[PDB]
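**Student:** One structure coming up, written as structure tokens, with questions to follow.
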Amino acid sequence: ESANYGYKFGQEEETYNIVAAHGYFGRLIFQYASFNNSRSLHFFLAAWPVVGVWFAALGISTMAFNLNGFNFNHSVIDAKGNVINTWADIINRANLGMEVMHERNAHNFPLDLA
Amino acid sequence: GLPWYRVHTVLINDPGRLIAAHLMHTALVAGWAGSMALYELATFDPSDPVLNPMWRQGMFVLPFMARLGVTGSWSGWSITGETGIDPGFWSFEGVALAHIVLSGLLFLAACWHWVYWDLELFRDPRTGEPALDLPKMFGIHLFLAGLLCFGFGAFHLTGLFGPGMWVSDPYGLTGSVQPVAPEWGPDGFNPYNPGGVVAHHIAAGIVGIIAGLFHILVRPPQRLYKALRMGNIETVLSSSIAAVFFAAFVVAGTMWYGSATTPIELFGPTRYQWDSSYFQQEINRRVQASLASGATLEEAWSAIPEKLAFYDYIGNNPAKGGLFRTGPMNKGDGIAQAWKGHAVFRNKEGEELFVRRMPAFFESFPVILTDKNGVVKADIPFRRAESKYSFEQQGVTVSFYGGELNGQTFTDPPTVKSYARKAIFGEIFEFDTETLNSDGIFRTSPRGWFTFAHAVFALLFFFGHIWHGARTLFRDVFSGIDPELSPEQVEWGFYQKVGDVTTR
Amino acid sequence: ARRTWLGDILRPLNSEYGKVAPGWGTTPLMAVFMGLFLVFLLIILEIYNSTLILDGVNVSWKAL
Amino acid sequence: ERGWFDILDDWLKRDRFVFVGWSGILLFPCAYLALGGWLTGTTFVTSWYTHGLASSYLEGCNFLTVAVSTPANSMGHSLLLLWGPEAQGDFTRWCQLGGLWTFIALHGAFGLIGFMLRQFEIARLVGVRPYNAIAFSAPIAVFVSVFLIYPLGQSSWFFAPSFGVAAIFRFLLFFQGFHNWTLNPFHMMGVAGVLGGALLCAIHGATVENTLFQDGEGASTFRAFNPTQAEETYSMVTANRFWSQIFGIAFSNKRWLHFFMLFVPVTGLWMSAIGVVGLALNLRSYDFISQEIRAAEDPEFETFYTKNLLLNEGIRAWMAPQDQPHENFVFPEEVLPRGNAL
Amino acid sequence: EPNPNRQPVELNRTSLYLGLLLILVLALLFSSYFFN
Amino acid sequence: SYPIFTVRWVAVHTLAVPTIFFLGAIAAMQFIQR
Amino acid sequence: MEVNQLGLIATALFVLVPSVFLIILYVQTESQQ
Amino acid sequence: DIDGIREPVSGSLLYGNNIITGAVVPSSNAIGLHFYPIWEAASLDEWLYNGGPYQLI
Amino acid sequence: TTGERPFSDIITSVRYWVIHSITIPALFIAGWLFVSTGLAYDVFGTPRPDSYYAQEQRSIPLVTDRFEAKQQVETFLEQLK
Amino acid sequence: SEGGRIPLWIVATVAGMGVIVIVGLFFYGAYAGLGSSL
Amino acid sequence: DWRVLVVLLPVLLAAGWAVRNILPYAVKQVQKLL
Amino acid sequence: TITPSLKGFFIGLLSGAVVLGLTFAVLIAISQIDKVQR
Amino acid sequence: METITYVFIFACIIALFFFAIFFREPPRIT
Ligand code: CLA
Ligand code: CLA
Ligand code: CLA
Ligand code: CLA
Ligand SMILES: C=Cc1c(C)c2cc3nc(c4c5[nH]c(cc6nc(cc1[nH]2)C(C)=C6CC)c(C)c5C(=O)[C@@H]4C(=O)OC)[C@@H](CCC(=O)OC/C=C(\C)CCC[C@H](C)CCC[C@H](C)CCCC(C)C)[C@@H]3C
Ligand SMILES: CCCCCCCCCCCCCCCC(=O)OC[C@H](COP(=O)(O)OC[C@@H](O)CO)OC(=O)CCCCCCCCCCCCCCC
Ligand SMILES: CC1=C(/C=C/C(C)=C/C=C/C(C)=C/C=C/C=C(C)/C=C/C=C(C)/C=C/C2=C(C)CCCC2(C)C)C(C)(C)CCC1
Ligand SMILES: CC1=C(/C=C/C(C)=C/C=C/C(C)=C/C=C/C=C(C)/C=C/C=C(C)/C=C/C2=C(C)CCCC2(C)C)C(C)(C)CCC1
Ligand SMILES: CCCCCCCS[C@@H]1O[C@H](CO)[C@@H](O)[C@H](O)[C@H]1O
Ligand code: OEX
Ligand SMILES: [Ca+2]
Ligand SMILES: [Cl-]
Ligand SMILES: [Cl-]
Ligand SMILES: [Fe+2]
Ligand SMILES: [Mg+2]
């Protein structure tokens, strides 16, 4: 039989052993990295994705006012002054390709200011 | 009741109906091979093994028949272009018929083993319960596999009593089925030495015979029997699935990189032969040899075989397809009809210019022409208003040597630009796009499709090994943990050794 | 259960369910063979990979 | 029998602050070397000779731009053993040639094997079902498909992801421009599994926390819970009614609920892994043929599908010469695709 | 010859609703690619 | 009453010892001029 | 639009065969006691 | 006409889209942030050309 | 608890700090000198700011052969004058 | 010696302030020398 | 190479100091487990 | 013949054997000294 | 036919929602 029939809707007793789960997960890492309090475990489960998606929403919301991501284009320079490319500069090349092609007939002046 | 994902567990303790299910699965697979071969035979065009080989036509099982020596049809044609041959019974059709009849026999055997499931052979003589001695079954089956392995290499591949196997030259021009002698030295482990394939089967087969006799005569040690649960048939499932995905990864890789058992005349070229210009270098070497011996430019290129040139074309590169672009390659660029000849581009100053070839990564690619030093000398501009390298500005012409355009020269910019767009694909061909209503978009070859399927399956079977291995080693808690699990065994400090109640 | 002629012939081949060798048995010999097999796979992998390069072994189609 | 094997078994399974086990013999050296090699390389090692890139703190990069970069495309799929034919036992050349990338990738692969063996090992000793190990198959499938199979399908390790923050961003953008990976339905299933997994995480935790029974007097409700208590700490009955009335349907079976939470993210990661196996071979879902046939013949037909391909074409042409230096792409200004003005 | 290993099979209503939803959504997703 | 050198001791120091060394190296890098 | 004509029957059998599988299983569960 | 340049983008199934390419297309750049209910258009045909439905949804 | 002395015990004992007020600064200083003496550059083969390019060259010294990659790098290094 | 002499809240404060000093030095470095764009 | 002993001397002067303060306790720990 | 890379393969093999050897040698010794009480 | 196919599948899903909500297995406390 499916193990799901071992739980009955509305039963008073918990259907799993949280001491066993803590005893397992505590040894997978170490004892004090594991939750034994179901209430704080479930608070954590709520808080982590909610807080994170708040910040994602605030990202879009603040880039709406053009406070943009970190710009390290040509941040590393050698002793003479040659640009030493980093992965940030490779990202910039790809962004440029998107910039110059998007809405290809909509701009008449050299800067895309909105 | 049983949940839907468990219905087949009713066979675990029923060896006779387990054999019936295995018989029925074997009938289905044999039936698929027969009907796949018939469908392939009803669509295959045998008329041009040079520019329309089987791997251009979406053929999947036909190359596997040819690999082991089946090359001809009862209708009188052969995949190497011969006519009027008598293949005997073991034509493509005879092979497909034999698989169909085997499928029907196995179907009838399945019915018998399903009905008469309660055979005394499946009962333990002491206890009378259903029971299979899996340690001894392995030795028996391993012994049979050893014999088959050995006989395949010793008689079939050597041609001692059998056809041999498909072998070719390094450029896939002259393939045919040939007897192959085993290679006994270190080059036998070279994936491109076919003699290594013969020696592997002779020597692995003998080892399998010896190993089989051992697992027949020597019982498992108690400590391994307990550790691996050798009374539990699901332990064989878990380890067998592990062997099977190991093998699937190996056949996927050797199909992608190539080896002696995946020839390009049966499955198409590899992507790496385009990456390294493998064919273009041989083409240029032959043309250089001709020029060195006094031949003209037109004689040098007219001597290149069409088959060699056709390999030097990105449309036959298996890395150019798409997941949902279905069908044979002929459905994309069309049915190849003729080599147009080698395009040679020159500018108004008479310098030879070379089109930059398309890398496999790029769905589209600009048209750029350099001198022999890699200096950009012409291109097809995007923005015209500050063009400096336009074909019109640079006086670019194209001349053809070899093929159907041999001796011709074109000077009008739009025609010259048309040929230069084709030149990014390598050698240039005339295609029939009408017969199949080809759409002009590249598709992958059987090498691509084989590789994709077997890599995906190997990865999924990894999950299968994990699941059934988990079920074997944790059978006692499959339906839950013990209700009387004391906190002491799961809390810290009570036992010196985790899980060991004798260390309290 | 049902006896058949073929079943009677095959009976001895399915009669030793559960029979084991005491203790560790041939486990050490098995370990040696597994170790040899690991070295073997390592060699053929590194030959294919061009990490191990042997005289007269040319990992290329140019080996026909 | 209490031979050396059983004695060693005893010591390896002592209940100490960090459990070891047999699996730890594989897990700890490989996990430690993989991590140490990433820290070593992002602090001290360049990517100048393989990529033309600075990539370490020593060169002036920051936490976002350091990486351990893939080897050069000319190495192919070489294992790049320290004692192999490329580095020939020279530690400095080995670093300059990209040896740390295979080092990290391979020790990492065996470390992950070791971690999953540890989940099996500890589960067997404690007496629980090994579903945590089964769920960990999804991260392994992702790592193996993205860091091993994908480059093995391609020309060389060069095109695997580099181990760095901005390096991974470049990988995302490469996959849009060249593979049109947002269009791939296997990626779409992965997104649904990841976003639905996050959804389930938030909604399960929020529901439990807002259907608690009052089991104490304090305004901080965390204290009113005892790990050994028999009773459920929140009301499944009230939770079920609320969601039935808010959303139409609700869980009623708590075992099904938590299995479903295992199932959704795990399955999605497995689906995305299958798509990447396709991209190893350039078996993309790049185009819709019907759209292209109409658009080729009808210059007034335009969809968001045709708009995005123009973007991919920009990415390819503008990033390829710098991103693939071994190719020696020279694209004159006049060939670069550009809209008006920009 | 009554075989003693047979078991009844079940699929409850909730599982039917979940299964139909999976199938229909998978079809809604993949149909565009089938048509191409 | 307590041991000093345990497995936890080893685990702590294999991580902590190089971490302090690396922090000193990275601190020095902040004064490097091109 | 020039779609692939097999798409219709491919989509139709994709829906119908597995949905029918589930309907058979469900209905014979209901008809049980 | 999403970008206000008289270059209409097709979003609906009946005008050549599938499930993956189809969209309700944003309202015209010429409208900017102006409020565009049905009753500010001279006709439904105008409203549809200019992306009126996006705002309503 | 699994037998080890508690961490709060250890890090509030005078003896812990007597030992680690030497060993922590000493490792920090060893890491400093590894960079400040230039040794880190030569161990790992990382270019100094004046060693990415020759004075006039603008080409990357990119490795292009598998089995001569070591000689290619050594050659590129000689070419820095 | 006596495993509990130095109050833990002092330990945490001193360790906290050292983290702040070392992370500040790293942000200072983003504006000077290598990687500063100057 | 002088730089190798200038970088290792602070390391080895730290490992030497922790021995003078822990030797009367480490001898007591190893003799106890024997 | 013994190519330079066959030599490398042997050096790689003997290195791993040494690493594994010392690991198990230390482990067996430690387990023989700090035995569990039953 | 493609359009009909897409709308048909969508319409089945909406019908599925109706039955899943109003003709569900009723949850029963025990
Ligand atoms: C004595 C003479 C002899 C000769 C000349 C051969 C010759 C050969 N053997 Mg055979 N062999 C022999 C005796 C011999 N054998 C004996 C006595 C046995 C014991 C029964 C074997 C057992 C054996 C095995 C198990 C295999 C061979 C294979 C081969 C072929 C190797 C070349 C190749 O393509 O490798 C290609 C294969 C490899 C280089 C091995 C790769 C293994 C992978 C890397 C392990 C990783 C698995 C992992 C789960 C994959 C996932 C990783 C990924 C996701 C990143 C070659 C034909 C190989 C073969 O058949 O290849 C087609 C092979 O797998 N032999
Ligand atoms: C090893 C498996 C295999 C491989 C590699 C091939 C390869 C080939 N076949 Mg063959 N074939 C096979 C098995 C295989 N076949 C089987 C089992 C049958 C019986 C059905 C056939 C019947 C057949 C016919 C009738 C034809 C071919 C043709 C071909 C050629 C073109 C393939 C193509 O366009 O696919 C396109 C591939 C796809 C569109 C990929 C499908 C991806 C699926 C739908 C993903 C599903 C995902 C799933 C819903 C996820 C669920 C997730 C959930 C768990 C959460 C190619 C050489 C054609 C040919 O050219 O013949 C000359 C042809 O006409 N084959
Ligand atoms: C040799 C291969 C093999 C064999 C003999 C088995 C056998 C079994 N599996 Mg295992 N399994 C395998 C591989 C195998 N599995 C693989 C590769 C995976 C990962 C995908 C799994 C993952 C797995 C899970 C998660 C479970 C099982 C379970 C079982 C047991 C019940 C199966 C059942 O009733 O399904 C009934 C299936 C149906 C009624 C319909 C399934 C329709 C599928 C999904 C699509 C159709 C595919 C098509 C028809 C055939 C394609 C062939 C393909 C190889 C190309 C049975 C012992 C179950 C178990 O342990 O029960 C206690 C169980 O929960 N298996
Ligand atoms: C303990 C677990 C562990 C595992 C599983 C690995 C695994 C690996 N290491 Mg790592 N490593 C480890 C610990 C480990 N390491 C430790 C503790 C160190 C510090 C010393 C290192 C330092 C290190 C370096 C510097 C390098 C690796 C590399 C590798 C990779 C290739 C190794 C190889 O080819 O060996 C093959 C050796 C064996 C398989 C030994 C098996 C012995 C057999 C079974 C018995 C027969 C031997 C016999 C007695 C001796 C005969 C000798 C004779 C033939 C001459 C592989 C992923 C290489 C790498 O990452 O390349 C990119 C690499 O350069 N490791
Ligand atoms: C990027 C996202 C991501 C990260 C960073 C991550 C991390 C982790 N997952 C773990 C677990 C899990 N993840 C799981 C499901 C998921 N995990 C997911 C995605 C992630 N999981 C997702 C999406 C799912 C849903 C299916 C489960 C079910 C588990 C666990 O049970 C396990 C856990 O314990 O969680 C608490 C832990 C395994 C520890 C370990 O193996 O030590 C050993 C360390 C090793 C083996 C080193 C590996 C080295 C790696 C592979 C390569 C080198 C990486 C560099 C050092 C760093 C590079 C960083 C740059 C790229 C910026 C670890 C905290
Ligand atoms: C105090 C500042 C909090 C700011 C963020 C909000 C955190 C909580 C919101 C999550 C809501 C999820 C759904 C409700 C889930 C739900 O029902 O929660 C319930 C949970 C327990 O409720 P109790 O009734 O027991 O206590 C709450 C009140 O009644 C006070 O007693 O609430 C809390 O624990 C609040 C903790 C506040 C203290 C948080 C300190 C801030 C730490 C931030 C650290 C990270 C910073 C960012 C780094 C990137
Ligand atoms: C009885 C009899 C007989 C007959 C027989 C016959 C007639 C047979 C046939 C058979 C057959 C004729 C078979 C077939 C089979 C087939 C199959 C078995 C198939 C399957 C398929 C599949 C499985 C697929 C899948 C898929 C899809 C669909 C899609 C894509 C993906 C995939 C691939 C997954 C005779 C007279 C001889 C004699 C004796 C008696
Ligand atoms: C590679 C290799 C090797 C190895 C090595 C090793 C093992 C190393 C290690 C190393 C290490 C082991 C290192 C470490 C480092 C660390 C660091 C550098 C850290 C830093 C940190 C920080 C900076 C922090 C930050 C933060 C966070 C994260 C959060 C909170 C806040 C704060 C801000 C605090 C060998 C020799 C074997 C061989 C050769 C190769
Ligand atoms: C038609 C313009 C005149 C110049 C010739 C164009 C290059 S060649 C031309 O290309 C087509 C597309 O591949 C093929 O279908 C056809 O077989 C081939 O003749
Ligand atoms: O609209 Mn949509 O996209 Ca925001 O930038 Mn300006 O405008 Mn248009 O250009 Mn770029
Ligand atoms: Ca200066
Ligand atoms: Cl756009
Ligand atoms: Cl503008
Ligand atoms: Fe929960
Ligand atoms: Mg700085």
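So how was this one determined? The header says X-ray crystallography, 2.2 Å.
Cβ coordinates come from backbone N, Cα and C, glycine included.
The following feature annotations were taken from Swiss-Prot:
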TOPO_DOM  B:1-19  topological domain 'Cytoplasmic'
BINDING   B:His8  chlorophyll a 2 binding site
TRANSMEM  B:20-35  transmembrane segment
BINDING   B:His22  chlorophyll a 3 binding site
BINDING   B:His25  chlorophyll a 4 binding site
TOPO_DOM  B:36-99  topological domain 'Lumenal'
BINDING   B:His99  chlorophyll a 8 binding site
TRANSMEM  B:100-114  transmembrane segment
BINDING   B:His113  chlorophyll a 11 binding site
TOPO_DOM  B:115-138  topological domain 'Cytoplasmic'
TRANSMEM  B:139-155  transmembrane segment
BINDING   B:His141  chlorophyll a 5 binding site
BINDING   B:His156  chlorophyll a 10 binding site
TOPO_DOM  B:156-201  topological domain 'Lumenal'
BINDING   B:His200  chlorophyll a 14 binding site
BINDING   B:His201  chlorophyll a 9 binding site
TRANSMEM  B:202-217  transmembrane segment
BINDING   B:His215  chlorophyll a 13 binding site
TOPO_DOM  B:218-235  topological domain 'Cytoplasmic'
TRANSMEM  B:236-251  transmembrane segment
TOPO_DOM  B:252-455  topological domain 'Lumenal'
BINDING   B:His454  chlorophyll a 7 binding site
TRANSMEM  B:456-471  transmembrane segment
BINDING   B:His468  chlorophyll a 1 binding site
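Could you place the listed features in the three-dimensional structure?
**Tutor:** Sequence-distant contacts of B:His8 (chlorophyll a 2 binding site), defined as residues of its own chain at least six apart whose C-beta falls under 8 angstroms from its C-beta, comprise B:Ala21. According to its DSSP assignment, B:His8 (chlorophyll a 2 binding site) is helical.
A Cβ distance under 8 Å defines the sequence-distant neighbours of the transmembrane segment (B:20-35), meaning residues of its chain 6+ beyond its ends; these are 8, 11, 61, 96-100, 102-104, 106-107, 109-111, 113-114, 117.
In three-state terms derived from DSSP, B:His22 (chlorophyll a 3 binding site) belongs to a helical segment.
Around B:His25 (chlorophyll a 4 binding site), there are no C-beta neighbours below 8 angstroms that are at least 6 residues distant in the chain.
The Cβ of B:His99 (chlorophyll a 8 binding site) lies under 8 Å from the Cβ of B:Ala30, B:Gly31, B:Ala33, B:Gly34, B:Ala37, each of which sits 6+ residues away along the same chain.
Same-chain residues lying 6+ beyond the ends of the transmembrane segment (B:100-114) with a Cβ under 8 Å from its Cβ atoms: 16-17, 19-21, 23-24, 26-28, 30-31, 34-35.
For B:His113 (chlorophyll a 11 binding site), the count of additional Cβ atoms within 10 Å of its Cβ stands at 19 [all protein chains shown].
Broken down by DSSP into helix, strand and coil, the topological domain 'Cytoplasmic' (B:115-138) contains 9 helix, 3 strand, 12 coil.
Long-range Cβ neighbours of B:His141 (chlorophyll a 5 binding site) (same chain, at least 6 residues apart, Cβ-Cβ under 8 Å): B:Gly212. In the three-state DSSP scheme, B:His141 (chlorophyll a 5 binding site) is classed as helix.
For B:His156 (chlorophyll a 10 binding site), the count of additional Cβ atoms within 10 Å of its Cβ stands at 19 [all protein chains shown]. For the recorded site, B:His156 (chlorophyll a 10 binding site), the DSSP three-state label reads helix.
In sequence order, B:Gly153, B:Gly188 are the residues of the chain that are 6 or more apart from B:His200 (chlorophyll a 14 binding site) and have a CB within less than 8 Å of its CB. According to DSSP, B:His200 (chlorophyll a 14 binding site) sits within a helical segment.
All chains included, 22 other C-beta atoms sit within 10 angstroms of the C-beta of B:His201 (chlorophyll a 9 binding site).
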**Student:** What residues in the same chain, six or more past the boundaries of the transmembrane segment (B:202-217), come closer than 8 Å to it by Cβ-Cβ distance?
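**Tutor:** Contacts with the transmembrane segment (B:202-217): 135-136, 138-154, 182.
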**Student:** List, by number or range, the same-chain residues at least 6 past the transmembrane segment (B:139-155) whose CB is under 8 A from its CB atoms?
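**Tutor:** Counting only partners 6 or more residues beyond its ends, the transmembrane segment (B:139-155) has Cβ contacts under 8 Å with 161-162, 182, 197-202, 204-217.
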**Student:** Give me the count of other Cβ atoms within 10 A of the Cβ belonging to B:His468 (chlorophyll a 1 binding site).
**Tutor:** 19
**Student:** If we check Cα distances from B:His468 (chlorophyll a 1 binding site), which of the binding-site residues B:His22, B:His113, B:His201, B:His215 wins as closest?
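**Tutor:** So, spelling it out, the nearest of the binding-site residues is B:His22.
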**Student:** Find, for the listed binding-site residues B:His22, B:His215, the residue with the lowest Cβ contact count at a 10 Å cut-off, counting only other Cβ atoms.
**Tutor:** B:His22
**Student:** Measuring Cα to Cα, how far is B:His113 (chlorophyll a 11 binding site) from B:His215 (chlorophyll a 13 binding site) in Å?
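**Tutor:** Distance (Cα to Cα, whole Å): 27 Å.
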**Student:** Ten-angstrom check, please: count other Cβ atoms within 10 Å of the Cβ of B:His454 (chlorophyll a 7 binding site), all chains counted.
**Tutor:** 20
**Student:** State the residues, same chain only, that lie 6 or more residues beyond the ends of the topological domain 'Cytoplasmic' (B:218-235) and have a CB under 8 A from a CB inside it; answer 'none' if no residue qualifies.
**Tutor:** 12, 132, 134-135, 468, 471-473, 475
**Student:** Just give the helix, strand and coil counts over the topological domain 'Lumenal' (B:36-99), going by DSSP.
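**Tutor:** Here the numbers are 25 helix, 4 strand, 35 coil.
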**Student:** What does the structure give for the C-alpha distance between B:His215 (chlorophyll a 13 binding site) and B:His201 (chlorophyll a 9 binding site)? Integer Å is fine.
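**Tutor:** About 20 Å separate the Cα atoms of these two residues.
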**Student:** Between B:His156 (chlorophyll a 10 binding site) and B:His22 (chlorophyll a 3 binding site), how many Å separate their Cα atoms?
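**Tutor:** With the alpha carbons as reference points, the distance is 28 Å.
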**Student:** Can you give me the Cα-Cα distance between B:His22 (chlorophyll a 3 binding site) and B:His454 (chlorophyll a 7 binding site) in Å, rounded to a whole number?
**Tutor:** 22
